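# structure for this input, please:
(5 chains)
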Amino acid sequence: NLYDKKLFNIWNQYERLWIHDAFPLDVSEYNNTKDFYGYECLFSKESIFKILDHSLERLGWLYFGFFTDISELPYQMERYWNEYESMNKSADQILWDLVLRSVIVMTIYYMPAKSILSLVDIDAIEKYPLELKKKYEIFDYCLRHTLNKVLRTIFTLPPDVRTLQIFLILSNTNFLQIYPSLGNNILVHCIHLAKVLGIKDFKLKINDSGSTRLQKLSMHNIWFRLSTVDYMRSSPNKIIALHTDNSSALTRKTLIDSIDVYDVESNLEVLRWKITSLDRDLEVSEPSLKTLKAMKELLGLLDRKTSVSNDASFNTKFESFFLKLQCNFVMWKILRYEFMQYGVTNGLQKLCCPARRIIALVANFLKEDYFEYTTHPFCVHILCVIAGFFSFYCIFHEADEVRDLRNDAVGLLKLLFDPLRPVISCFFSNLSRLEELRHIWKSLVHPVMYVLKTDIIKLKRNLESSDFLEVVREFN
Amino acid sequence: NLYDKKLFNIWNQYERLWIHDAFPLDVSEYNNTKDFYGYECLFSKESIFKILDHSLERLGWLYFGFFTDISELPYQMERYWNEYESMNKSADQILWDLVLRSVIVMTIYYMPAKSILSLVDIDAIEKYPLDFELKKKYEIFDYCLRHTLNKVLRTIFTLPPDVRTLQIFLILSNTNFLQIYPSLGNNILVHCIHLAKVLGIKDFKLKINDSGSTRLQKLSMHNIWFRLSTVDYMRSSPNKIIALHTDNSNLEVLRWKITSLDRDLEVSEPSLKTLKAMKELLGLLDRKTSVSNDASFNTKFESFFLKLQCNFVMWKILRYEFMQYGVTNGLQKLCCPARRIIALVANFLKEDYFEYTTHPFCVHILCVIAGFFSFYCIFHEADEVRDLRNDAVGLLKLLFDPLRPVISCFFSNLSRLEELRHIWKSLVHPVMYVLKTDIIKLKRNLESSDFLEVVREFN
Amino acid sequence: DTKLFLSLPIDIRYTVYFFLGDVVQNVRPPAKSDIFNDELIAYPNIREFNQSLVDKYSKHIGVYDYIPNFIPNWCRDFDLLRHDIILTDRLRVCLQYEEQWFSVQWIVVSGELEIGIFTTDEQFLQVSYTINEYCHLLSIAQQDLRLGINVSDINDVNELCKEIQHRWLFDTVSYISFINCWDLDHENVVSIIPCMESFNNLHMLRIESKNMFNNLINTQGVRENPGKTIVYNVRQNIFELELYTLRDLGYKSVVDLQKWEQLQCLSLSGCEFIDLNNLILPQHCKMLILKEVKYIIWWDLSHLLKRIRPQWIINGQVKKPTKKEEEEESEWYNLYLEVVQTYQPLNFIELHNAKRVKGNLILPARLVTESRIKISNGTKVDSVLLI
Amino acid sequence: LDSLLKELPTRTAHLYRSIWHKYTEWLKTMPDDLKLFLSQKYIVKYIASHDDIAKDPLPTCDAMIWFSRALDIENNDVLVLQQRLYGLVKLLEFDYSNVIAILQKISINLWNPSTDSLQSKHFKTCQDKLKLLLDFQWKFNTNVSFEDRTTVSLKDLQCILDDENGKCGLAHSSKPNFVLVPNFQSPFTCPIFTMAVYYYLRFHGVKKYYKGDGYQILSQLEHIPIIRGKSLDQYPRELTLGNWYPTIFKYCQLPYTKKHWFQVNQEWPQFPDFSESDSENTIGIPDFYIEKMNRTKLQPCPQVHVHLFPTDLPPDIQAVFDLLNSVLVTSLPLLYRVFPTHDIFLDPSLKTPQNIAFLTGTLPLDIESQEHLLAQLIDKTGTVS
Amino acid sequence: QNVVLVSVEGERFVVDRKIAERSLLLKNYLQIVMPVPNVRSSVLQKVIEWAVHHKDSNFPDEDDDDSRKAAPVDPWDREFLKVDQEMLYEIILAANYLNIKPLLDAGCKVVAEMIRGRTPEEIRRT
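Numbers count the residues shown, from 1 in each chain, chains lettered A, B, ... in the order given. Provided below are the atomic coordinates:
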């Protein structure tokens, strides 16, 4: 039981090192790489307009949250097409080019295969390097081209807000979990741009026109999405941060430009940041128990406010899905902390219930032919950690409930996911390793926990019949 | 005289906004733009080795301070030449390539014109754009710089985190670079700061039973981190707000100390025992400074720069005193530091080391000095200050091609300020009212009052 | 039984002890109003009454000594309440969440230090324990703790604690209380004001009287008494605050506390009148806690109520949907912003039952949709509206 | 009312009720109805028994005030009572004899018949020295205003002789209110002994040297002043004494503040005011007041068989003069052994074979007692010990 | 409407649906049969006996501590719970499982009465 608490601390560190689990190093390889974007290159004008139509239909969420007006986008699009045709420069035009390109790439990542495969041209396949694999390879080619263009035009540029939007528009992809160091560096640059422009002046003032209100609103949405990612993507590879400049929503007892919450606005970006701050206060800062009681009450209240959102269109289902997903995930983390540290009773069953809710949700979103919405990386992080802990306590203890839930999670995740092949493959191999560890422990400073001590030591140094036990260690 | 204290603070902010004062958009115009480094391209490897010899002779200071071993550099050079010859990749090789290129560029910035003009090829001048002196030298220097920058912008993001990027930036900071391409420099500075905090380079806390290699590693880390804080204070306009000089509180230490006194001067609580302790401490550090004895070019260079920093900061401190608390004889006791500075730059002209004068820090210094001297020359009379200011401005116009826009802009607005003397020469005065308007114009440019506005509109 | 009760989880024991707040002794003194009534309850009891504790601890006990046999009761109570494992888990658990139940501070009697655990209302004593006993029961550390001044603990005893946590020990204490000694005098302030330098674990204060408050705190009464008031470095280090027990806070008063900076939470209880329009504050302090008092005078909000139309009003809540009516939309935002700017440095307002508020409540919806505005059923108001 | 009772802290109020209980019980000790309960007499009796409460009488007195205003009492009554009570806390909160070596240091020097270092005009005789000394010892013991000092007619004075309880002294129940008591432990610093010698000199006089005033005028005169100036019937003038005083403080080398001796001194204890004795009180006054302010235990009047003062007089004054006789005659052999050169001894009366007999007989107390006192004078006499 | 409930022994008790929607764990689990792990038969019988005795009753809140410590021990409950300690503790744990607070509050009230109406000899054994 004290052993349980200790190995649960070990599992904390082991999940950190779980999650701490090609690109050419030279832009000039893409110096002359063709396009997808010319009239004859890959993607006709009309295909692109269709893509934007689908995007505004299904996935308004992101860029709706950012910009002021969005007929702006087709307007600028057609203007750029006219200018391109006339040319057979400036800053505005190139920025808007990058913006539309990134918008598109997001839409590609969240499209069904058959549609895009019907849209794409043909002989350009002969021109280019070559189911879902075709979709993802063409997506990757488009991504790398956009990345070349945008790296160049990022450095060589004045500071303008729209660069930030690019990153945020692209963070909702495999990108940051496929090109991590790159992403972290550019995130640092975007953080600098954030603090540059004084976007902390979403402090809404008196007698401001509607335009000014909308500007501050855009700033506000931007800031909070940025703080979300900056906490969510904060491995020791990064030490510079912005998630400190906000403040916890907890109303603590034990305690300027540091922004507080509940004093500003109500747009659900705020809600996401609140939830992330609760996770943050769980992880890094003082873990208490009255703290958890208040957090749990507050999170039930916010789950009410989440389900207040009523079904009227795809994007609404998407948002409510992601919010309820986050809420149950954080409840699961809290109740994990409880049942791991202080052994309150029935918390295990009241913890298993959230997992069942999550899995009912993703089942609903497969069965409704919304599998593309499932592909958000946060969902995959979630299933990763869940399967991790469930395998852990399934091998250390027996409960057919746990076996069933874990088997559902892993059968789902294996049978459904190509996209994030490196991460999932590393996780799957080390998971099968832990299953062989089940065979070991099934066949008290145990040698198995000693092997896991060795494993964390291997990782910590990777930062910068004991004979047979070492034998199986070498075997795996 | 209280009016003097207030308007001296106003001149402080106006100098702040002074110091808070083409390269293309899509890095593709320079996609295929010529090297200087190839066998047939521009410079002849052996000439380059000669350049390196000249660099190591006179200017070990910078890169001697950074790296561990420096035969490393000719070693890597010859290795790349062999590899270049064999080729007719990896990360290490590209870093070292860029390293030597930047080293060379520093050497270019601190070379005489006639020499390099003798080195450069001829039909390669026909290959490239001309400007045909120093203007030619500076145009070819600019081309080399922009080429290097093209190369490094691409290759910065796409890399693991390695120390040597920092070395690049530091080798390149000692140039016109940051005051001609500021925003670029600031962004790369932010990235380098991230790399600094990544690697835990605050672990120069030297420990027991470490090898000499480890001592040298920690020394390099120490010098680098502190040079970084030096630049990060000196180059901290509101365009950048992220910083590392907050994390503070071998003579690299000494330079950082001097910067911390300047910081405490500018931003924090002005007391009087504070200034007394600072000035005694700086005299102590002048003792520690003069302990260095003249024995070689780099040594004269270093001791020059250190004495320059010390007198500049003393000048700032004593200015702060005489503005805020009005002690007597301070004008002359302030003029003396300037005279010491000027004896130093005189030494470095007479010794035929004018190239060493071209460091941007010296020009920032002379800028602020001539600024304050013009201020108190027009508002008050002292032929000493007038004479020194005339020396400074005649010097700076007659001697300095490199920073042509800034000095010229400064000179032009400075010549504008001489007409303001005539105004004040022709009491909440309209002139101080004009300076209120002027600081407001600049701060908002960031993001017979009739005749006074008339002359304002004329200029 | 005992071990059956101890084979159980913590929430159970928590709620149980919450119902058993603090009654560990077999007795209780009254409030003040029940004094002049000559009715004494009953305490006919007998010996096992050592003359080692009744003589020692009388400075907090012998005040009463005027009833049926109480001190032998008290004496055997203190005796038997050194072995209640009940109590040890009571304290392990109450400490675990929050000791709003037991007020626990330092004491010295006979020149011998101990740690006493009292009521909260005025801290009638219950028992005490030795530091080594305490942290053999628990883990030893600089476990933050409380302290208050009585006529029992004033100056030399107080300076004895000072010099003991200098010489023998270190200053393991945070929070300071002014429960009596309302005169600003008879050596309490004289002792303590030079003594807040080794005193750097704290953020928290508790105050009693309008005399002591007005003559120490309310910074309009400006003077030049250096040892009579605080050093301002502690005025930085006081993120929390508490106060009780007065009649007329703000009736034509000088209510303003801008010097009281780096404050982050206020607590008020047990009073008889208050108005918030006189109230002025620093920034940084939004947590406001307010307990059972008489009728409150809210902010005015009268002109702003005159600004309003029933164009939009529904169910006590309002909004403009019409983007076209920037006239009405800008007006809406002007109204909302005036509203919050009245409450500007506040985000959390707790009321226990105060029986009345008089001042035309119109509030935002962002906060009452949540539990920021946390009123008990002091439901004697009707002029409610939300934004 | 009840709100005023609510106005207070809580520990203090519990304490107050406990003390109400205690005082009610200690009053149940006696047969005996709220001012009789909270009576100055009964309260001071309680405190005389409860010296423990005299250690923390601050809330004691404040609670007594709080009850004296709790019920229907005239507010003037409780505040004049409060004036008396502040007098009491001032009296009791100080328990040592600090205002004292100034007494000693002076009294002695003013007794000393030969003062050489004194070149000052006044103080030629021993009667001048004694006149001043009586005024000083008197203020010092009774703490009274000067003006009031001159208001008192000695026919007003009342001898207290109670041998049942063993008390003796001189009392005044009139405008200034006070009680004087003989110090037999320290005759020199005793104001009554002083007054006895001075009165012998004043009245009997010294044959062939200084005319007595005669004992006859104690009738024909309406006001007999405790000390006479130029005129028989009047106290000396204020500025006169005001001169005499610094003159002596100088010679004694003690700092002098006129306000101390010519006006009431508040840092100092006082008798209460009241608008023939018994066990625990004398004129109006509890005895501890009197023993404290006169700083001597109360003792019965010693019976002497020798009469220096007249045994034939008006009944009114007689008792007084008999008291004076006993103190004088009790302590005279001592004065004779110290200052045999004193004017008093120059009378032929004191020269008789008997009076010489008793002056040279057993000593009232051993010599080695008054050493320290003697060490305090700046002219050593012919007899050095 | 009604619902079946499996005592983990396996006993398929039955309740009226909404009278069980009194509870909150149910009110979420549904939003007909349910399992009930680690509960026994007479346990749930007495549980539902209380639940049916208290259907139209009013209860203050789960935050009003003043109303909570305002402590009317219901007399029906008071006699209804005159049983031994282990079944009692199982009732208490079950109330914790089910988020049905007033019964839990009453149980803790009674246990507090047990350990308040005490004897020193309980300690003299210690």
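# quick one: secondary structure of the residue lying farthest from the centre of chain C?
For chain C, the largest distance from the centre (CA atoms, centre = their mean) belongs to residue C:324, which lies 50.9 Å off. Recorded secondary structure, residue C:324: coil (DSSP: H, G, I helix; E, B strand; the rest coil).
# which ones are touching residue A:95?
Residue A:95 makes contacts with A:153, A:160, A:162, A:163, as judged by CB atoms under 8 Å, 6 or more residues apart in numbering or on different chains. C-beta: built from backbone N, CA, C; applies to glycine.
# OK, contacts around the third one?
By that I understand residue A:162. Neighbour list for residue A:162: A:95, A:96, A:98, A:99 [criterion: CB under 8 Å, 6+ apart].
# still on that earlier bit, between the contacts of residue A:95, which is closest to chain B?
Here the nearest of these to chain B, counting by CB to the nearest CB, is residue A:153; it sits at 5.6 Å.
# enumerate every residue touching whatever residue of the stretch 101-250 of chain C ends up closest to chain A.
Chain A sits closest to residue C:239 of the stretch 101-250 of chain C, with a gap of 5.0 Å, by CB to the nearest CB. By CB under 8 Å, 6+ apart, the contact list for residue C:239 reads A:255, C:203, C:204, C:262, C:263, C:264, C:265.
# how close does it get to residue C:355?
Between residue C:239 and residue C:355 the computed distance is 31 Å (CB to CB, to the nearest Å).
# give me the neighbour count for residue C:249.
22 (other CB atoms under 10 Å in any protein chain shown).
# whoops, I mixed them up, residue A:213
As a burial measure, residue A:213 scores 18 neighbours (other CB under 10 Å).
# residue D:367 now?
12.
# that one: what's it in contact with?
By CB under 8 Å, 6+ apart, residue D:367 lies in contact with D:337, D:385.
# my read: residue C:243 touches residue C:265, true?
No. Contact criterion CB atoms under 8 Å: residue C:243 and residue C:265 do not qualify, at 12.0 Å.
# so who does residue 13 touch?
Unless you meant another one, I'm taking chain A. Contacts for residue A:13 (CB under 8 Å, 6+ apart) come out as residue A:456.
# other chain: chain E
E:4, E:5, E:6, E:7, E:41, E:44, E:45, E:48.
# ok, the residues you listed vs chain A, which is closest?
Among the contacts of residue E:13, residue E:6 lies closest to chain A (CB to the nearest CB), at 14.0 Å.
# burial measure for the closest one, as a count.
A count of nearby residues for residue E:6, using other CB under 10 Å, gives 16.
# over to the one 3 residues further on?
Using other CB under 10 Å, residue E:9 is surrounded by 11 other residues.
# which SS state does it fall under?
With three-state DSSP as the basis, residue E:9 sits in coil.
# quick revisit: save the contacts of residue E:13 as CSV, and put in distance to residue A:347 too.
Converted to CSV, the contacts of residue E:13 look like this (distance: CB to CB, whole Å):
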residue, distance to residue A:347
E:4, 26
E:5, 21
E:6, 21
E:7, 21
E:41, 25
E:44, 21
E:45, 26
E:48, 25
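# among those residues, the buried ones, what's the ChimeraX command?
To isolate the buried ones among these in ChimeraX, judged by 16 or more other CB atoms under 10 Å in any protein chain shown, type:
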select /E:5,6,7,44,48
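# which of the contacts of residue E:13 are close to chain C?
Of the entries in these, none also sits close to chain C under the rule CB under 8 Å from any CB of the partner chain.
# quick one, what contacts residue D:222?
Going by CB under 8 Å, 6+ apart, the list of residues near residue D:222 reads D:153, D:233.
# that's a helix at it, yeah?
No. Per three-state DSSP, residue D:222 lies outside any helix segment and is coil.
# about what we covered before: do you know how far the residue farthest from the centre of chain C is from chain E?
Going from residue C:324 to chain E by CB to the nearest CB, to the nearest Å gives 41 Å.
# over to residue C:309?
To chain E, residue C:309 is 36 Å away according to CB to the nearest CB.
# on the three-state scheme, that residue is what?
Classified using three-state DSSP, residue C:309 is coil.
# what residues does it make contact with?
By CB under 8 Å, 6+ apart, the contact list for residue C:309 is empty.
# tell me the one among the contacts of residue E:13 nearest to residue A:426.
Using CB to CB, residue E:6 is the member of the contacts of residue E:13 that lies nearest residue A:426, at 41.9 Å.
# burial count for the residue nearest to that closest one when sequence neighbours are not counted?
Nearest non-adjacent residue to residue E:6, counting by CB to CB, 6 or more residues apart in numbering or on different chains: residue E:35, 4.7 Å away. Neighbourhood size, residue E:35 [other CB under 10 Å]: 13.
# likewise for the one 3 residues further on?
By the measure other CB under 10 Å, the count of residues near residue E:38 is 14.
# residue 94: neighbouring residues, count only.
Let's take chain A. 19.
# hmm, no, I was thinking of chain E.
For residue E:94, the count of nearby residues is 21 (other CB under 10 Å).
# surely it is within a helix?
Yes. Residue E:94: assigned to a helix according to three-state DSSP.
# please verify my assumption that it contacts residue E:48.
No. With contact defined as CB under 8 Å, residue E:94 does not reach residue E:48; the gap is 11.0 Å.
# is stretch D:22-42 anywhere near chain C?
Yes. Part of stretch D:22-42 sits near chain C under the criterion CB under 8 Å from any CB, namely residue D:22.
# could I get the buried residue list for the strand or helix carrying residue A:474?
Per DSSP states H and E, residue A:474 falls inside helix A:466-475. By neighbour count with 16+ other CB under 10 Å, helix A:466-475 contains the buried residues A:472, A:473.
# list the helices and strands that helix packs on?
Where contact means 3 or more CB pairs under 8 Å, 6 or more residues apart in numbering or on different chains; DSSP states H and E, helix A:466-475 is packed against helix A:421-442, helix A:447-463.
# how deep is the closest residue to chain D within the stretch 151-300 of chain C tucked in, by neighbour count?
Nearest to chain D in the stretch 151-300 of chain C, going by CB to the nearest CB, is residue C:180, at a distance of 5.0 Å. Residues within reach of residue C:180, counting by other CB under 10 Å, total 21.
# please name the nearest non-neighbouring residue to it.
Nearest non-adjacent residue to residue C:180, counting by CB to CB, 6+ apart: residue D:9, 5.0 Å away.
# show me where chain C has helices.
Counting by DSSP state H, chain C has helices at residues C:3-6, C:10-19, C:58-61, C:71-80, C:85-97, C:131-137, C:156-167, C:188-192, C:210-214, C:233-236, C:302-306, C:326-342, C:365-368.
# how about the residues of the stretch 101-250 of chain C near chain A?
With the criterion set to CB under 8 Å from any CB, the stretch 101-250 of chain C comes near chain A through C:203, C:239, C:240.
# now chain E
E:29, E:37, E:93, E:96, E:97.
# with just CA atoms, put stretch A:147-156 into PDB.
Taking C-alpha atoms only, stretch A:147-156 is exported to PDB below (Å, rounded to 0.1, in the frame of the first residue of the first chain):
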ATOM      1  CA  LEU A 147       7.100  24.700 -43.700                       C
ATOM      2  CA  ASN A 148       9.900  25.600 -46.000                       C
ATOM      3  CA  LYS A 149       8.100  28.700 -47.300                       C
ATOM      4  CA  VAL A 150       7.000  29.800 -43.800                       C
ATOM      5  CA  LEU A 151      10.300  29.300 -42.100                       C
ATOM      6  CA  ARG A 152      11.900  31.700 -44.600                       C
ATOM      7  CA  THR A 153       9.100  34.200 -44.500                       C
ATOM      8  CA  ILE A 154       9.000  33.900 -40.700                       C
ATOM      9  CA  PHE A 155      12.500  35.000 -40.000                       C
ATOM     10  CA  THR A 156      12.800  37.700 -42.700                       C
END
